[PDB]
Each structure stands twice: as structure tokens, then as C-alpha cells.
Asker: 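Before I ask anything, here is the structure I am working with.
Here, residue 1 is the first one in the sequence, and each next residue gets the next number. Keep in mind that the numbers below use all heavy atoms, side chains included, and drop hydrogens, waters and symmetry copies.
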Amino acid sequence: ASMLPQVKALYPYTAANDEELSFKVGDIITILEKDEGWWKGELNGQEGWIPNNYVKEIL
């Protein structure tokens, strides 16, 4: 398999529209794609863009 990046949320986020993904502090989110400040995440079957300042990539 290929490894995807994962990030851990440091702040909660409420999606502003249907292209974005909501999360809570400590959620582990899988990154499908990066576009500078917005990353595309997947969490429990939901997919959407997230602000990268809310999270920290797991090394």
C-alpha cells in the first residue's frame, strides 16, 4: 500500500460550507491532497478541505 500523511487536530473546526471538513481536538485526519494552506482530509468516511494551521502533521 502507499502511506498517506496523517495530521492531528489542535483546534476544533466547524466547516463553513460543504467542501470543508469539521473536526475536534485530537482527531486524526488522513490527507488526500495538499494545496498550500488548505489540505484535503478524510475522517470516518467524510472528506473535505481543512485549514492547515488547525492541525499538526504526524512525522
Asker: Could you check whether any side-chain heavy atom of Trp39 comes within less than 4.5 Å of a side-chain heavy atom of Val7, counting everything from C-beta outward?
Answerer: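 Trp39 reaches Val7 side chain to side chain.
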
Asker: Taking the side chain as every heavy atom from C-beta outward, state whether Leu43 and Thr30 have any pair of such atoms under 4.5 Å apart.
Answerer: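 The answer is no; the side chains never approach within 4.5 Å.
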
Asker: Under the salt bridge (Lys or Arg N to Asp or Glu O under 4.0 Å) test, which residues partner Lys24, sequence neighbours left out?
Answerer: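 Result, salt bridge (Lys or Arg N to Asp or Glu O under 4.0 Å) vs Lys24: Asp27.
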
Asker: In Å and rounded to the nearest 0.5 Å, what is the NZ to CD1 distance from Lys8 to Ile29?
Answerer: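 Reported value, rounded in 0.5 Å steps: 11.5 Å.
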
Asker: Would you list the atom pairs, donor with acceptor, under 3.5 Å between side chains in residues 9-17 and any protein atom, with sequence neighbours excluded?
Answerer:
residue, atom, partner, partner atom, Å
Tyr13, OH, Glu20, OE1, 2.6
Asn17, OD1, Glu19, N, 2.8

Asker: Who passes salt bridge (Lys or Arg N to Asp or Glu O under 4.0 Å) against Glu33, sequence neighbours left out?
Answerer: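 With sequence neighbours excluded, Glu33 shows a salt bridge (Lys or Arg N to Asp or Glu O under 4.0 Å) to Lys40, given in chain and number order.
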
Asker: What distance do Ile50 atom CD1 and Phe23 atom CZ have between them, rounded to the nearest 0.5 Å?
Answerer: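 So the CD1 of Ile50 and the CZ of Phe23 are separated by 5.0 Å.
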
Asker: Between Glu42, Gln46, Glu47, which is the residue that forms a side chain to side chain contact (heavy atoms under 4.5 Å, CB included) with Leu21?
Answerer: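 Answer to the side chain to side chain contact (heavy atoms under 4.5 Å, CB included) test with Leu21 among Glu42, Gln46, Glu47: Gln46.
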
